[PDB]
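A.B. asks: A structural model of the following input is requested.
(2 chains)
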There are 2 protein chains.
Amino acid sequence: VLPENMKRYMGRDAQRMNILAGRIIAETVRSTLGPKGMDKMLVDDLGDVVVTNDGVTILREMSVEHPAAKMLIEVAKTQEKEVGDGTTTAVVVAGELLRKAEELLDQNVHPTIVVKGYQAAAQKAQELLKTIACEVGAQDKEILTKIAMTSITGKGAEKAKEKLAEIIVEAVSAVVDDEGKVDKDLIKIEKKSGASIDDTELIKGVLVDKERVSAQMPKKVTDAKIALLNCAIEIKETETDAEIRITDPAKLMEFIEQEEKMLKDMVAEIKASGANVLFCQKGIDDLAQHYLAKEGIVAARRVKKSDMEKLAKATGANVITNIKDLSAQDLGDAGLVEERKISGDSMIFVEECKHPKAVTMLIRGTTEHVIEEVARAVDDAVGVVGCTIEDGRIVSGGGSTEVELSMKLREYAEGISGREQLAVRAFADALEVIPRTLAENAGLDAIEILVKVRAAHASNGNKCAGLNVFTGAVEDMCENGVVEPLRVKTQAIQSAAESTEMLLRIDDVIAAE
Amino acid sequence: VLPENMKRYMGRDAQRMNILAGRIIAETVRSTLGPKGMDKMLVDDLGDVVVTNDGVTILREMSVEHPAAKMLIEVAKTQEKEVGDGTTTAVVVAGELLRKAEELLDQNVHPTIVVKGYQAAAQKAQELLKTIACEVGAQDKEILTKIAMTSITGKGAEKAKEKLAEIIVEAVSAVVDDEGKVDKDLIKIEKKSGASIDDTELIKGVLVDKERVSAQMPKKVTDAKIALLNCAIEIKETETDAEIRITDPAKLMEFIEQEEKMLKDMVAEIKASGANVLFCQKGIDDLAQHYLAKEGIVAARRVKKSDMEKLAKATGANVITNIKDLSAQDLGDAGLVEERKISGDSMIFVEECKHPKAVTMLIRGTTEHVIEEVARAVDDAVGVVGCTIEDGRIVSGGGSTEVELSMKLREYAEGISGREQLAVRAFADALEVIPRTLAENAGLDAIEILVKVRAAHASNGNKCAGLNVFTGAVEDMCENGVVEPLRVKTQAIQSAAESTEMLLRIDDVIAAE
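C.D. replies: Numbering: from 1, shown residues only, chains lettered A, B, ... in the order given. Shown next is the protein structure:
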């Protein structure tokens, strides 16, 4: 029936082969999983080198032969399209989940039961997460400082964790407005090597990496009135083609003086507004700079269009098209506009804004690489503070959730009884991989840590436990402000289970040669 | 350095390959392990068929290619030479033990620790077995009947388990003499299809499958005096070559009458002893049968030399070489010697012996195959009764030992602490394979049974639990007389651990191509 050369596996042979292939891949990528996960270096037959942690990338680049291994590759791609993250997690968890599930099959527990038990326990797991979650004041000063400081600790920047935690909480709180949605676009990160980390600071305003275009401009302006124009301050010309037809010598002068008046009127109007700072999107003719300078007006030219819009938002200036439309109500306020040297380079500071909706955090450090990591550290601190502001729920980490779930699910298992309890029992036992690889990747005794932690948790409670990989001992997770959003864990479970259910649904595998 | 063609694996690659090969073999044979283990049919390239359960045989016959698989074959052979049994057990247990041990290696627990923890827990396991063992009266009538009856139940012969349990306990108790060593050689098993199992019985004597050689012999003898001779009752001749040299006609008669007297004197002497039964090892001339018959003496000829010795032991007759040495003190006693037809065939019954040291259990049944299985059933009942008579210790089965050990070892683990506790913890977790495969091979829910049993055991106690595969529910193991010798379990652990220690000691594998 089939072309000679085609190969086929069926029943328990199809199952054995498929599972085994998937498992081996899982063992290959699992070494990247987690905060303490490491990376791989893949050098193709051409010499190109890729160093990554991404499961898809590793699997996409490698050259697989086995059909069963090629079919699993599709799983990794669908995981990326659907959810984005959890590629490595889903493969590793899916493998163990399938392995433990097959142990039930060998016991003669119908796969419809195993899959149902997992579904049921998985849905109940989300409820338990919502139940054990510790509710907090979204804008609580003290707890916020713990989130911030907890992130900063264990990094080069820890030397000034107190000041940094302060500025970070304040920056988010300012731009968030209501309680709350945050747009991290209103918090700029400028990093310039020089000084130390102690010099880092928050600026309730903006730090632009530009200079005052002309030398003759004032070096200091107080109570500045900033103007934001996007139209070029040049001699406008009609869209329709035009040309002057001179017929008398009197006109040679007539037109020259006409263009001079137009140019002077332009500049004169800007001054008439009371503006002492002007940001133009297009060009500024040299002569215009000269008059601007003589009027003690500070000007900037050739500003990016996207920057013109960021400048409007930050400074609170209204972009006007026609000068005719400009009014005092369109002017923005800055408490201070000053030229400062930072690591020698000249930069402009717009600081002491009344109630800025965009702030900048100028980072200092003894090295480029240092300020880069400090920037990453803050990107996270803003992130986690944002998570708590939108979802006033927090939860202990160090695999505390999975332990709570394992306990309660075991009791629930007993309530249900029958074969279905075995399926719910296996789900609870499967959850232990998290604790297992947390301490394994950390280089802690996985067996001993789990025994000590679980015991300590059962005694001291929920907010007096977890694993502290840094000190290698139980602690107070709450006191140490070591918390993550519930959404992290909830979404992880959801996407993870939906992938496992797809695999569990397959009862027939037909792979061509 | 090495000849091109040679292949080498080292470090974690040598370890991965070796473990994996061993594991796959273990999965192949594990389906035979246990009371509910099944058999395999192996048909070589020649057509020969072997159906066995033996691990060595299966592995010896199969044609392996992989060097690592060939090296494991040596394990199976050494297991046979050293201990005999536990070939399949040792391979299967050794595989899982190695797998669980490698999980510790990945956690960075020095293999010297893992091996030590197993050794320590294994030695402690033997102590715990001696501690939990329930001591009983070696010759307790009632408990003995439970051992007997428990064996018989669930077999074709169960219809008469009460009578059979009675005869079996009595047979062993009689031949054991002191308390106690038993020689199963004193309990003969004769099986002849015909009648039913209800007709089975014990005979305090012997049942020989022979006939009375001559028709004219008495058909019934009371208070019989049995003689056991090994010398032939013929005309003796000198070792040195001799010949009669007749020189007178008077001698032709002289010698004839001389040989007649010698022959008559022989026979006359036997009668003179008061013997009415005679067992001769060699031949009996027809004329001798005639006189023996006329004297109402029963005789048997051409008896096996080994049978002559069994006849001496059983009947309590003393084998004499020269008739001159025979005396009344050499005579044996039998309460009855009678010819009976059993399934038509004629057999001799030596029954109603005073205090027989050898008994026979005549088995009846509607089929040959039935009486054969009944014989096996008794061979076991005698065995287990023998185990209890020599070691007045018994213990609950159904994996009760391993559960007790798992509990106590876990506490001991906590006492020791450190990494060593993880090794002792893994040993305790490894013990669960027994419960796992007991219910798996039985077709019971392995997970659910274990949960129910352990809980029930923790509540009802030690003698109110175990698994009862027959009813598929907890029971009272003691009330049901479902016990095994401690020696079974103790030796199993000892031999098993010594094989595992050999594997654990290997840190270098060098296999040629």
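
A.B. asks: for residue A:340, which non-adjacent residue is closest in space?
C.D. replies: Closest residue to residue A:340 apart from its sequence neighbours, by Cβ to Cβ, 6 or more residues apart in numbering or on different chains: residue A:349 at 5.4 Å. Every C-beta, even on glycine, is put in place using the N, C-alpha and C of the backbone.

A.B. asks: what is the end-to-end distance of stretch A:414-425?
C.D. replies: Stretch A:414-425 stretches 9 Å from its first residue to its last (Cα to Cα, to the nearest Å).

A.B. asks: what's in contact with that stretch?
C.D. replies: A:104, A:107, A:109-110, A:113-118, A:120-121, A:409-410, A:412-413, B:445, B:447-448, B:451 (Cβ atoms under 8 Å, 6 or more residues apart in numbering or on different chains).

A.B. asks: are any of these buried, and if so which?
C.D. replies: Applying 16 or more other Cβ atoms under 10 Å in any protein chain shown to those, the neighbour count classes A:104, A:107, A:109, A:113-115, A:117-118, A:120-121, A:409, A:412-413, B:445, B:447-448, B:451 as buried.

A.B. asks: the helix or strand hosting residue A:98 and chain B in contact?
C.D. replies: Using DSSP states H and E, residue A:98 maps to helix A:87-106. Yes: for helix A:87-106, a contact with chain B is found by Cβ under 8 Å from any Cβ of the partner chain, at A:104, A:106.

A.B. asks: quick one: residues in contact with that helix.
C.D. replies: Against helix A:87-106 from outside (Cβ under 8 Å, 6+ apart): A:15, A:19, A:22-23, A:25-26, A:29-30, A:32-33, A:37, A:53-56, A:72, A:75-76, A:79-80, A:111, A:113-115, A:118, A:422-423, A:426, A:429-430, A:433, A:492, A:495-496, A:499-500, A:503-504, B:440, B:447.

A.B. asks: that one: which residues count as buried?
C.D. replies: A:87-98, A:100-104.

A.B. asks: stretch A:449-461 now?
C.D. replies: Buried, per 16+ other Cβ under 10 Å, within stretch A:449-461: A:449-454, A:456-457.

A.B. asks: who's in contact with that stretch?
C.D. replies: Contacts for stretch A:449-461 (Cβ under 8 Å, 6+ apart): A:398-400, A:403, A:432, A:435-436, A:439, A:464-467, A:474, B:421, B:425.

A.B. asks: doesn't residue A:127 fall inside a helix?
C.D. replies: Yes: Residue A:127 sits within a helix when classified using DSSP: H, G, I helix; E, B strand; the rest coil.

A.B. asks: count of neighbours near it?
C.D. replies: 11 (other Cβ atoms under 10 Å in any protein chain shown).

A.B. asks: and if you look at the one 4 residues further on?
C.D. replies: Summarising burial for residue A:131: neighbours were counted as other Cβ under 10 Å, giving 9.

A.B. asks: could you say which helix or strand holds it?
C.D. replies: Going by DSSP H and E, residue A:131 is part of helix A:111-132.

A.B. asks: quick one on the thing from earlier: and which of the contacts of stretch A:449-461 is nearest to residue B:135?
C.D. replies: residue B:425 (30.8 Å; Cβ to Cβ).

A.B. asks: so that closest one: helix, strand or coil?
C.D. replies: Under three-state DSSP, residue B:425 comes out as helix.

A.B. asks: for residue B:416, see how far away it is.
C.D. replies: 10 Å (Cβ to Cβ, to the nearest Å).

A.B. asks: separation between the residue of the stretch 151-300 of chain A found nearest chain B and residue A:397?
C.D. replies: In the stretch 151-300 of chain A, no residue comes nearer to chain B than residue A:154, which is 22.5 Å away by Cβ to the nearest Cβ. Distance, residue A:154 to residue A:397, by Cβ to Cβ: 14 Å.

A.B. asks: which one of those two has more residues nearby?
C.D. replies: The residue with more neighbours, out of residue A:154 and residue A:397, is residue A:397; 18 against 12, by other Cβ under 10 Å.

A.B. asks: you'd agree the more buried one is up against residue A:483?
C.D. replies: Yes: with contacts counted by Cβ atoms under 8 Å, residue A:397 reaches residue A:483, the gap being 6.8 Å.

A.B. asks: got the contact list for the residue nearest to residue A:511 when sequence neighbours are not counted?
C.D. replies: Once flanking residues are discounted, residue A:511 sits nearest to residue A:67: 3.8 Å by Cβ to Cβ, 6+ apart. Neighbour list for residue A:67: A:511-513 [criterion: Cβ under 8 Å, 6+ apart].

A.B. asks: now stretch A:158-171: buried residues?
C.D. replies: A:160-161, A:164-171.

A.B. asks: out of the residues you listed, who's near chain B?
C.D. replies: Restricting the buried residues of stretch A:158-171 to those near chain B - Cβ under 8 Å from any Cβ - leaves none.

A.B. asks: just those: which are in helices?
C.D. replies: A:161, A:164-171 (DSSP state H).

A.B. asks: of the residues you listed, closest to residue A:272?
C.D. replies: Of all these, residue A:171 has the smallest distance to residue A:272: 37.1 Å, by Cβ to Cβ.

A.B. asks: can you pull the residues of the stretch 1-150 of chain A lying near chain B?
C.D. replies: So the stretch 1-150 of chain A meets chain B at A:104, A:106-109 (Cβ under 8 Å from any Cβ).
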